[PDB]
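**Q**
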Amino acid sequence: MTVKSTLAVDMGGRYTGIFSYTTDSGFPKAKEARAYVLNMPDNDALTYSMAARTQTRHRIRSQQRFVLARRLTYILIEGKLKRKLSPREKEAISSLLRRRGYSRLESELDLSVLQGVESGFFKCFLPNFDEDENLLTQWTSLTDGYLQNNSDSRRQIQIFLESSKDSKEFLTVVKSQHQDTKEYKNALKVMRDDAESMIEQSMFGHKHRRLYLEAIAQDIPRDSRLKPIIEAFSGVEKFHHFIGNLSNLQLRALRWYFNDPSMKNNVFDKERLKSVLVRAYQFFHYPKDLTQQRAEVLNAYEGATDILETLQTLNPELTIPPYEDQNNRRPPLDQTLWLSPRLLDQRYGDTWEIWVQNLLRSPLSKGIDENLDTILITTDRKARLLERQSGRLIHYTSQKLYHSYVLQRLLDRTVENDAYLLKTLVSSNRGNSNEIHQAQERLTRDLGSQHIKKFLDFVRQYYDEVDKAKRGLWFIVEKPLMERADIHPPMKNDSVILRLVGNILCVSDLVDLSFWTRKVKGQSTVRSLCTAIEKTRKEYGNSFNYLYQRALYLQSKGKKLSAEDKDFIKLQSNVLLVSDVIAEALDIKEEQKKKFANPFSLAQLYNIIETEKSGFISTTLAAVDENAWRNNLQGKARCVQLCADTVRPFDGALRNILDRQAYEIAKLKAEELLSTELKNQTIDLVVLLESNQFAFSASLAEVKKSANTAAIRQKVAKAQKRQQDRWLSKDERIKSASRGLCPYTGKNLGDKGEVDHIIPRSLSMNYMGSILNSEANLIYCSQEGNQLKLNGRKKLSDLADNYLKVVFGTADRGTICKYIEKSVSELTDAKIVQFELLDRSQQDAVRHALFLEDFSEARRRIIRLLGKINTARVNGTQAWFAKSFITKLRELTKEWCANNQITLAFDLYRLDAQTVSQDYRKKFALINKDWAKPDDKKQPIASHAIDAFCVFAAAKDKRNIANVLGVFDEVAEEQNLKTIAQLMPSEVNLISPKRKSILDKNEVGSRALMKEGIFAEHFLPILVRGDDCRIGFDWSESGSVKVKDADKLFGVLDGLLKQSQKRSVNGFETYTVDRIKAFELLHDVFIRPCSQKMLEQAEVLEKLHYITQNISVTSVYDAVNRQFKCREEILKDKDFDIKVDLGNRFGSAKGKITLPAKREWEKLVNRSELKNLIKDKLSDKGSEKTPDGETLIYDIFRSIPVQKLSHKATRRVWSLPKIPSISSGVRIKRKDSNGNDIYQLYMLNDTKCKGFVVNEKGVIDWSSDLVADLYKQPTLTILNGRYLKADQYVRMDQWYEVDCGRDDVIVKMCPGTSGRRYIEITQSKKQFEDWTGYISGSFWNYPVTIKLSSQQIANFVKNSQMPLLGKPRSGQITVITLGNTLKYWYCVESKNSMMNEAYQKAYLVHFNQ
RNA sequence: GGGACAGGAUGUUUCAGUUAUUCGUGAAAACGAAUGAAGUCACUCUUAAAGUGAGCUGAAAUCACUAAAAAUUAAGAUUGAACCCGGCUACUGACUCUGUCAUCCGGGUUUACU
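Using the working numbering, you'd call the opening residue of the first sequence number 12 and step up by one each time.
1. Who are the near neighbours of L309 in its chain, counting only those whose CB is closer than 8 Å to its CB and skipping five residues on each side?
2. Kindly give me the distance between the Cβ atoms of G977 and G37, rounded to whole angstroms, as I take these residues to be in contact under 8 Å.
3. Tell me which residues share the same chain as residue 1423 and place their Cβ nearer than 7 Å to its Cβ, disregarding the 5 neighbours each side in the sequence.
4. Between the segment 1212-1221 and the segment 1144-1152, are three or more C-beta pairs nearer than 8 Å?
5. Would you say the segment 761-770 touches the segment 783-802, given that touching needs at least three Cβ pairs under 8 Å?
6. Would you grab the beta carbon distance between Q854 and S747 for me? Rounded to a whole angstrom, and I think it's under 8 Å.
7. With DSSP collapsed to three states, give me the class of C1321.
8. Any idea which residues DSSP pairs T1392 with across the strands?
9. Have a look at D923 and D941 and give me their C-alpha separation to the nearest angstrom.
10. Cβ of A496 within 7 Å of Cβ of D391?
11. Based on the DSSP secondary-structure assignment, which residues constitute the bridge partners of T27?
12. When you compare the CB positions of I405 and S114, do they come within less than 7 Å of one another, or not?
13. Write down the C-beta distance between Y26 and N667 rounded to the nearest angstrom, noting that I regard them as a contact closer than 8 Å.
14. For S16, does the three-state DSSP call read helix, strand or coil?
15. Pull up the distance between the alpha-carbon of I782 and that of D55, whole angstroms please.
16. Note down the Cα distance separating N160 from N256, rounded to an integer number of angstroms.
17. Leaving out five residues on either side along the sequence, give the residues of the same chain with a beta carbon under 6 Å from the beta carbon of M1405.
18. Classify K899: buried if its beta carbon has 16 or more other beta carbons within 10 angstroms, exposed otherwise.
19. Do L375 and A430 have their C-beta atoms within less than 7 Å of each other?
20. Going by the DSSP bridge assignment, what does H1116 pair with across the sheet?
21. What would DSSP say about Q1383, mapped onto helix, strand or coil?
22. On the three-state DSSP scale, how would you describe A56?
23. Give me the Cα-Cα distance between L994 and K800, rounded to the nearest whole angstrom.
24. For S1123 versus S997, is the C-beta distance shorter than 7 Å?
25. Quick check: the Cα distance between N445 and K464, rounded to an integer number of angstroms?
26. Check for me: the beta strand (DSSP E) holding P239 runs from which residue to which?
27. Using DSSP bridges, identify the partner residues of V1416.
28. Please say whether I1204 and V1176 have beta carbons closer to each other than 7 Å?
29. Report buried or exposed for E1028, applying the criterion of at least 16 other Cβ atoms within 10 angstroms of its Cβ.
30. For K829, does the count of other Cβ atoms within 10 angstroms reach 16, so buried, or fall short, so exposed?
31. Which of the three DSSP states is assigned to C541 in this structure?
32. Closest to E837 by C-alpha separation, out of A869, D812, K816 and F819, would be which residue?
33. Can you name the residues that DSSP bridges to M493?
34. Spatial neighbours of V592 within its chain, please: C-beta separation below 7 Å, excluding the five flanking residues on both sides.
35. Beta strand (DSSP E) containing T1202: first to last residue?
36. Please classify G156: does DSSP put it in a helix, a strand, or coil?
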């Protein structure tokens, strides 16, 4: 009836192992369980980050900015001239508008390395700096001043660069005044490089808008094409001001002006332009120093009478836009969860208000509304915001909000303050104690007994929802009584931070932050110490508290400090000093120091004061005030803080990866559930189990590539090594617990011993939350002792006398019992639970206390403490993945839940990867030895399914996890065997996601259609002397190919050839292909069924057609190897030979023409500057290793030009044409500024063909290219493309099972690609090992991608004895299923006839029916 | 961490021009300026014009449908983002701080809407 389903997930990052099942009974059967692994392709195969997409968007936006600025400038100039602009005038105006220069030019290098250094250290090299300001602002201002041509900055940059050359003095001065070389090293290797980048930016062409305006102040009188325009503008200065004001416009202003379908005619509107110019410069946030410049521009534009005269009059330097500030671009949403009066009204109508009123009339409910007069005035939720925006309050009136706030305060009262023992009176585990009866008598009297049951049910639901919220899984409530705030909080505001600090420093009202600059132990300052504390916490992550407590405890015990614990105790001293200094600055007293006298509070102070100057606070001020009241620093502890939802991940790319992983896993689970017959009634419960590690971060640093692989690997290696040192081989058990003696036999035990639980695994089912795979419940024992252990209650009578004497020094059971009781009673719960914080004597005392009587105080206390060790809340990444998976699984099965009525019930539990891997995986590894974790420097794919299975196996935490692995009478190795030998399937289904095929996307524009880079498309000239005619460039043998029967050639190309205008005196005739007509005909033959004449013309045009592209002359030198390339590598015939293959039908011209640009490449390599550097042959190269040959190659070409014009552009790349590789060319027809048709050739980025044509009788045409419908546009022309009528076709992904001719092998085939078929083989694992030479340690070690080497490919094709299988493309095989039956698919290396015949036979079989 | 805005500069391709000229000058020591910029090198053909290729200079175009603007180089099962319009009844931000503007809120999103 109660059908149970489970889905265990090992979130390994790239590889996500899933073990899932769905059973009517409590324990799953063998067939029900399935194992999956997600392959999760990297960013290249599936895009998660948007960096390239936005780079493309902003490139197009810059192009459109220039186009619209030119459009508006032409409109205005033609309006003032009352006549159309000539093409020369248009060219001159465009020349003026080109190369605006920058206005911000922030940076191009990552300066985050130096962001953690205080500004006071650089005053030796930068006297202009001050210690009262952060280094970020000062360095940014200095760089901007150098960019904005600030004379002082320009001078001090050179002063620094000259002074810092002698770095020996810089290294000598350091350490004299308690400086740090590690932090002061940042003055080199990043900031010096940034300064040099600023030096070199000037000669690249970057000039800034002010220098651009200065340059275009000149070159306006010098350009003779602008004379009529200058005359009509009545002055060079007026026209310059007009041009500069127009150029200063951003894209958005031009868009606003042209955002009108009536602007298609390019009409000049005075008022529209004025309003658009006013709308700009009002969009901007002007700095305080740039005030009264915003005022000037806005007075000019708003007060403009003619706007055009205002453009000609206003100084363009004033109209340069300020820096962009998208701080309010998407404010964070408050995550605070509020008891909703609206939902309370929909659920209980009015009765909850009477509940609140009845509870209020009680002396126990005095003081619960202390600050509700000043809290309710601030909107806290999205629903209240919507109601107030409507102006009418029906569910969020002040009275309703008051009632909800006091209701939640009563429900959230602490146990010291709860007068009705809520969350205990409502729990099922409540006893019949006198205190429970007194609490229930206090209730039913204040509230009244007429509606006790409904209020109690509401309390039950509220506490269940709050428990879900605390765990991080508020989303699975699916019927909430609370609501998320979902509204933006205020920013720092310089005054909200004062309130936050006062809350942190336990001050009711803080007025100033002078304590942040108070001196500590000399010239150290509170700010620097808090910065160092936060830096240490950030470096150590979530592990900081553990080693901090360990170091302080070991220092208290007087142990020998380590190199790290020394730093930690120095940090402790820093915390003490900073707390004392803060207290004396704020004169605070009465035990308020110790509240913030921890590294966490000082790091929080640093974050609030320093980090995120323009950031947002966590929650709304209403939530902050309510939480402050429920903290009550002036009081003890009244009420518990408000629940808050888990914020979405900040990474976005990680968010997309989690979204796709959740969708794939939800689709797997939906397939599993829909495969079942389950019918009327039969509620379904799904339980989620998750595991996580630092390997998740390490692998996601490669899935998106993170752009920081080295740094992230270095950071995560430290954490992983620390975790390994935390778990080790579980030291302090063999060496400290047993002390060389078996606990139960006393025999000498070496490294052959084993570790097993003290408490029987059966007893940890009826009480206490875990089997306690901890350092106390397990002891290093011997095999004979473990056999004598059995599964009953164990006591000190079974402990060896010699072992007891070694551990304690006394063999008396009563004496040892009383000593254990005394030792356990002397240690607090914090030291008891955290085993590292105990020395070996107390560790033995705590461990041995489990052998005592059931009534023993020490044993009972230890069991009580360790039964509720932690809540195991989910990580934010885990919470987001869980939310996405649950939402998508609900969506997928929504139809399957409407019909058949199954209602989905979701539960979720996080399981530590530590316990799973270190305890549960080891048992199965011993059982089967294929479950052992490899150490091959990588974690093999299929073993993530093993990890997920162990995560399910780690669900022995019973009485808590409700997947109905209950009863649990059979324990110890019996349960392990029942798990492994019956549950874990042999098959591992590898799921490899991929981006949607462009043939399936309806929004083909969301995919990169064409590759960036345009190719020159050329036609061979035709030379005619008389009866002699040649195809080529010149009459030389290598420059042209002789044509036999040229009359046929000229008859075919009668309408496509044009002749040279300047006629020579018998100096032959040159016939060149008309580019426009040729391109039009090549488009016509591609887009329409053309006549045979047009097809012949297109064939001849394509035979005369060739493609070149300019490649930089730098390519003559190998930068990677710092070696110049030889003439054989440079002048290879592949890059310069044009093949002419006209058949008898088109005259007769067979031969190869060398590209005449080869002479220009020969001139490049044979010139004096490079004659010796270029070697004549590949074998001549040696160890010359020219380090910077690119520099001299540049200096060949960077000749200083004549300064004719100040606005001339710079030259940086010099290139010569070479014949490139062609792959699915596309020719795009566009229009220039004059409206003429221009054709530019691109390379297709995605697939070109959508399938193969199928005739009326099912025969597949394997030779014709069936171009996709998205390329068949009136402006698109597929290179060498022809029209093809295909009313019926077979898609590239129509897999069919072909006639393999065998029984042991199942082969499926699909067309796959236009040239190579896809073959999927279902085969036994042993047979695959026999065919190929591949070897591995069972299929659990098999990789998802198998890279067969050439010998293995030959072995495959040979031992296969199967011509239709072919060979894998470059020996690459993608595995679909792992196990004894191995399923995999591959792309064939080469096309084969019988492969096409087999697919054709399968398609015919499917097509006849 | 990411996301977005603003772009800057150089490339590639298309088209066009250019292989000059006039002055200082009459030495024509080979340079300096002007002609808006460019204006110098090869193969072929020489009739001694030119053809071809490159360079240089200028502009234009640089995903398509597709255009006034936007969306368009992500994903798609779902979405996210972007942009525009209306509003300051109100979450947020900047101001000149009841008064506008917005990256905010609501809506729309393809030739839509104002």
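Note that CB positions come from ideal geometry on N, CA and C, so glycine has one too.
**A** Reading off the structure:
1. As a position in the first sequence, residue 309 is number 298, starting the count at 1. So the qualifying residues of the chain are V289, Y292 and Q293.
2. Residue numbering aside, residue 977 sits at position 966 when the first sequence is read from its first letter. Residue numbering aside, residue 37 sits at position 26 when the first sequence is read from its first letter. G977 to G37, Cβ: 6 Å. Contact.
3. No statement about residue 1423 is possible, as the shown extent of the chain runs from 12 to 1420 and does not include it.
4. no
5. yes
6. Here the question's residue 854 lines up with position 843 in the first sequence. Here the question's residue 747 lines up with position 736 in the first sequence. Between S747 and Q854 the Cβ distance is about 7 Å, and since that is below 8 Å, they are a contact.
7. Taking the first residue of the first sequence as 1, we reach residue 1321 at position 1310. Residue state, collapsed to three classes: strand.
8. Your numbering for residue 1392 matches position 1381 in the first sequence. In the DSSP output, where bridge partners are listed per residue, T1392 has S1335.
9. Walking along the first sequence from the start, residue 923 turns up at place 912. Walking along the first sequence from the start, residue 941 turns up at place 930. Each residue's Cα considered, the two are about 22 Å apart.
10. What you label residue 496 is simply residue 485 of the first sequence in a count that begins at 1. What you label residue 391 is simply residue 380 of the first sequence in a count that begins at 1. Yes, the Cβ-Cβ distance between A496 and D391 is below 7 Å.
11. Sequence index remark: in the first sequence, residue 27 carries index 16 (1-based). Answer is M22 and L49.
12. Translated into positions along the first sequence, residue 405 becomes position 394. Translated into positions along the first sequence, residue 114 becomes position 103. Not closer than 7 Å, so no.
13. Locating residue 26 in the first sequence gives position 15, where the first residue counts as 1. Locating residue 667 in the first sequence gives position 656, where the first residue counts as 1. No, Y26 and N667 are not in contact; Cβ-Cβ is about 17 Å, not under 8 Å.
14. Locating residue 16 in the first sequence gives position 5, counting from the first residue. Strand, per DSSP.
15. Numbered from 1 along the first sequence, position 771 holds the residue referred to as residue 782. Numbered from 1 along the first sequence, position 44 holds the residue referred to as residue 55. One C-alpha to the other measures close to 45 Å.
16. Working through the first sequence from its first residue, we reach residue 160 at position 149. Working through the first sequence from its first residue, we reach residue 256 at position 245. So the two alpha carbons sit approximately 21 Å from each other.
17. Position 1394 of the first sequence, counted from the start, is the residue given in the question as residue 1405. Excluding positions up to five away in sequence, the list reads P1374 and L1375.
18. As a first step, residue 899 is located in the first sequence; it is residue number 888 there, counting from the start. Buried is the call here.
19. Indexing the first sequence from 1 puts residue 375 at position 364. Indexing the first sequence from 1 puts residue 430 at position 419. Contact: yes.
20. Residue 1116 sits at position 1105 when you count from the first residue of the first sequence. Note: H1116 sits in a beta bridge opposite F1030.
21. Counting from one through the first sequence, the residue named residue 1383 turns up at place 1372. Of the three classes helix, strand and coil, the one that applies to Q1383 here is strand, per DSSP.
22. Residue mapping note: residue 56 aligns to position 45 of the first sequence, counting from 1. In this structure, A56 counts as coil in the three-state DSSP scheme.
23. As a position in the first sequence, residue 994 is number 983, starting the count at 1. As a position in the first sequence, residue 800 is number 789, starting the count at 1. Using only the alpha carbons, I get a separation of about 27 Å.
24. As a first step, residue 1123 is located in the first sequence; it is residue number 1112 there, counting from the start. As a first step, residue 997 is located in the first sequence; it is residue number 986 there, counting from the start. Their beta carbons are not under 7 Å apart, which means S1123 does not touch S997 by this criterion.
25. Here residue 445 is taken as the residue at index 434 of the first sequence, counted from 1. Here residue 464 is taken as the residue at index 453 of the first sequence, counted from 1. Roughly 21 Å between the two C-alpha positions.
26. Here the question's residue 239 lines up with position 228 in the first sequence. Element bounds for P239: not the beta strand (DSSP E) but the alpha helix (DSSP H), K238 to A243.
27. On the first sequence, position 1405 is the one that residue 1416 refers to. The partner list for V1416 (beta bridge, DSSP) is empty, contrary to what the question assumes.
28. Your numbering for residue 1176 matches position 1165 in the first sequence. Your numbering for residue 1204 matches position 1193 in the first sequence. Against a cut-off of 7 Å, the Cβ pair of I1204 and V1176 comes out as no contact.
29. For the purposes of this step, residue 1028 is taken as the residue at position 1017 of the first sequence. That one is buried.
30. Position 818 of the first sequence holds residue 829. With fewer than 16 other Cβ atoms within 10 Å, it is exposed.
31. Walking along the first sequence from the start, residue 541 turns up at place 530. In this structure, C541 counts as helix in the three-state DSSP scheme.
32. Looking up residue 837 in the first sequence gives position 826. The residue with the shortest Cα to Cα distance from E837 is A869.
33. Translated into the one-based positions of the first sequence, residue 493 becomes position 482. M493 is bridged to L350.
34. Here residue 592 is taken as the residue at index 581 of the first sequence, counted from 1. These residues qualify, in order along the chain: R529, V531 and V537.
35. As a working mapping, residue 1202 is identified with position 1191 in the first sequence. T1202 -> not in any beta strand (DSSP E); alpha helix (DSSP H) instead, spanning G1200 to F1208.
36. Along the first sequence, one-based indexing puts residue 156 at 145. Note: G156 maps to helix in three-state DSSP.
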